[PDB]
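Data first, discussion second: the structure below is written as structure tokens.
All Cβ positions, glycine included, derive from the backbone under ideal geometry; neighbour counts span all protein chains shown. A short reminder: the numbers here are calculations on the coordinates, not readings from a lab.
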Amino acid sequence: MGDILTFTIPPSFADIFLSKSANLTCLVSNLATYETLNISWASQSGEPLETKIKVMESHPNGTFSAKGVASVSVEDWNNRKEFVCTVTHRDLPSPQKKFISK
């Protein structure tokens with residue numbers, strides 16, 4: 001508590017097989033201020049990724065965290081690419097960035 005935690009979750013081989021699209025998932029928890037929260041996904045090159053997020057506020061149902069789902073090409077995951085998620089809670093002076101790779 002009182003310290004913002006950011007973790008990234010990779011899509012499973014099975015999951016990618018079902019949808020035939022790889023998805024980037026970010027989990028942000030332990031928010032010192034459970035007011036509102038946003039999730040941001042971008043390519044390593046600093047290029048914003050198509051991300052779909054429902055509710056600009058963190059979800060207190062089942063979990064107390066927010067998740068951002070970005071749709072990437074299976075090719076990227078297959079080519080060992082890496083993506084960057086940045087969490088902007090405004091609570092911290094420096095947004096936390098996370099690297100994700102299969």
If you go through segment 85-98, how many residues are outside any loop (DSSP other than H, G, I, E, B) and farther than 16 Å from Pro48 by Cβ? 1
Identify the single condition in (1) of a type outside the set (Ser, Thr, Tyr); (2) under 19 Å from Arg80 (Cα atoms); (3) out of contact with any helix residue (DSSP H, G or I) (no Cβ under 9 Å at 6 or more places or on another chain) that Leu31 does not satisfy, given that it satisfies every other one. (2)
Looking only at segment 1-40, count how many residues are on the phi > 0 side of the Ramachandran plot and among the charged types (D, E, K, R). 1
For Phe64, indicate whether it is hydrophobic (A, V, I, L, M, F, W, C), more than 21 Å from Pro95 (Cα to Cα), surrounded by fewer than 18 Cβ atoms within 10 Å (Cβ to Cβ) and out of contact with any helix residue (DSSP H, G or I) (no Cβ under 6 Å at 6 or more places or on another chain). no
Condition first: in contact (Cβ under 8 Å) with a residue 40 or more places away in the chain, of a type in the set (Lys, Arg) and exposed (fewer than 14 other Cβ atoms within 10 Å of the Cβ). Now tell me which residues in segment 69-102 satisfy that. none
Can you pull out every residue in segment 13-37 that is of a type outside the set (A, V, I, L, M, F, W, C), surrounded by 11 or more Cβ atoms within 10 Å (Cβ to Cβ) and out of contact with any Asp or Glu (no Cβ under 8 Å at 6 or more places or on another chain)? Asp15, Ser19, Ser21, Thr25, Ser29, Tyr34
Mind listing whichever residues of segment 23-52 are closer than 29 Å to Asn79 by Cβ and touching a residue at least 60 places away in the same chain (Cβ under 8 Å)? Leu24, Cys26, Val28
Could you grab me the full set of residues in segment 69-84 that are among the hydroxyl-bearing types (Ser, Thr, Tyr) and in a strand (DSSP E or B)? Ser71
